[PDB]
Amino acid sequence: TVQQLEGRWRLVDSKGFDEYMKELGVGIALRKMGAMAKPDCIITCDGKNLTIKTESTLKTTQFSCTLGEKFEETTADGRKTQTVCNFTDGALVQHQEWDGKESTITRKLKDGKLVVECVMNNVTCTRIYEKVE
């Protein structure tokens, strides 16, 4: 259940994230910030409404969405995208679309921690998050 993803999570490990950002076309300024920020990810749900808030000194982002409904997302790197979030096959899937390109971030609960995987054109990433308190 999506509720099982609720809570404040802290990043304990990252992998492939720098390759992904490169794949998107993000420059060093943001690539360095992302590569060195150890953000907190707060996920809360209300029925079908869902909010994902990212917090760090180097950056703070946040967006809300209703499962199954498309919406305009202003990504941390400045992209406006047509995002849809849908909880399917036991994971939260955040599919993005912009300028003919696509990308999807998948968040799932595993062994007690939140495992976030991002993919774009076969280039992927894997961030592990442990619940705070």
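Rigid core: the largest C-alpha set superposing within 1.5 Å between the two forms. Residue numbers run from 1 along the displayed sequence.
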{"item": "Of 74-82 and 55-63, which departs more from this form in 7 other deposited structures of this protein by CA RMS after core fitting", "value": "55-63"}
{"item": "Divergent stretch in 7 other deposited structures of this protein, 91-99 or 22-30 [C-alpha RMS, superposed by the core]", "value": "22-30"}
{"item": "Mean Cα B-factor comparison, 78-86 or 95-103, giving the higher one as deposited", "value": "78-86"}
{"item": "Higher-B stretch (mean Cα B-factor, as the entry records it), 40-48 or 59-67", "value": "59-67"}
{"item": "Criterion, highest CA B-factor; candidates, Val12, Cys118, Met21, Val115", "value": "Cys118"}
{"item": "B-factor third for the C-alpha atom of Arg127 within its chain", "value": "lowest"}
{"item": "Chain-wide C-alpha B factor ranking for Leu30, given as lowest, middle or highest third", "value": "lowest"}
